[PDB]
Amino acid sequence: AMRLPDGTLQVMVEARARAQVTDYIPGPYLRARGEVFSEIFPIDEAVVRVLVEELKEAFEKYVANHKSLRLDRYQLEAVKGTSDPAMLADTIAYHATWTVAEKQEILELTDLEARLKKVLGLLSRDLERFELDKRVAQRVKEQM
Amino acid sequence: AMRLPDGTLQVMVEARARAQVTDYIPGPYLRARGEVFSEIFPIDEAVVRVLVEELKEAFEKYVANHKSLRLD
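Here the residues of each chain are numbered from 1 in the order the sequence is written, which can differ from the numbering of the entry; residues without coordinates are not included. Numbering of ligands from 1 and lettering of chains from A proceed in the order in which they are written. Consider the displayed chains a part of a larger assembly; each reported value belongs to this part rather than to the entire assembly. As a rule here, side-chain values come from all non-hydrogen atoms in the structure, and water together with hydrogens is ignored.

Structure determination for this entry, per the PDB record, employed cryo-EM and reached 3.6 Å resolution.

Here it is, written out as structure tokens:
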């Protein structure tokens, strides 16, 4: 909780669980109503943990190749000691930079297991994007 | 079978054996005559228990492959 009364208040929040937005209250400033924490999730958590291990593998492949995103290696140092698959899945989903729409659709889906598949798909998409970025780099050099 | 003071009849059932059906009785409500309760006993259980083990292994593999379903 940083107190900066100069036009920018920096509040760092650790989210607990998603909830359904009931309605909206016109502002400014705006309000919204929500339900209790989303404590219902699918099971077969063992395969979810296996997919968490594979997600750590994929994110290690990601950040090591994605050094042009200026993302520090410290973000690869926090996936150790993971006591819950959901926190690691969300951390990897936010720590990889792409369009805000995909990051938000990661939140909107209440399915625990489909979120990991979405994260893996988007990580592979950014991987192939980096691959063709390199490809067109040498291609444009050859064009010169 | 216990009463719930809310508007729902709460009764636990458990099937024991299947019975053949001969004819129906007009309703409401419906009745049925029970002729026999046919259910074969396990005879020469070696093959039966081998298939039981295989069936349980197959069901375990069925449970271990959920990605959009929920089974406890």
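We are not done yet, so read on.
### Points about the pattern of salt bridges
Whenever a carboxyl oxygen of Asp or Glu lies within 4 Å of a side-chain nitrogen of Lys or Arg, that contact is scored as a salt bridge. Under the defined criterion, the tally for this structure stands at seven salt bridges over all chains. One salt bridge connects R70 of chain B with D111 of chain A, and the closest N-O pair in it is separated by 3.4 Å. Remark: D111 of chain A occurs in the loop between α3 (100-108) and α4 (112-143) and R70 of chain B occurs in the segment after α1 (45-63); the pair is interchain, linking two chains. Between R139 of chain A and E142 of chain A there is a salt bridge whose closest N-O contact spans 3.6 Å. One end of the pair, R139 of chain A, and the other, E142 of chain A, are both in helix α4, three residues apart, so they sit about a helical turn from each other. Per the convention used, a helix needs a DSSP run of H or I reaching at least four residues, while a strand needs a run of E reaching at least two, with both numbered from the N terminus.

### Things to note about the environment of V13 of chain A
Residues and elements named next belong to chain A. Note that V13 resides in the segment before β1 (24-25). Judged by its relative accessible area of 72%, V13 falls in the exposed class. Separated by 79 residues in sequence, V13 and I92 have C-alpha atoms that sit 17 Å apart. When accessible area is computed with a 1.4 Å probe and restricted to protein chains, residues below 20% of their type maximum are described as buried, those above 50% as exposed, and intermediate ones as partly exposed.

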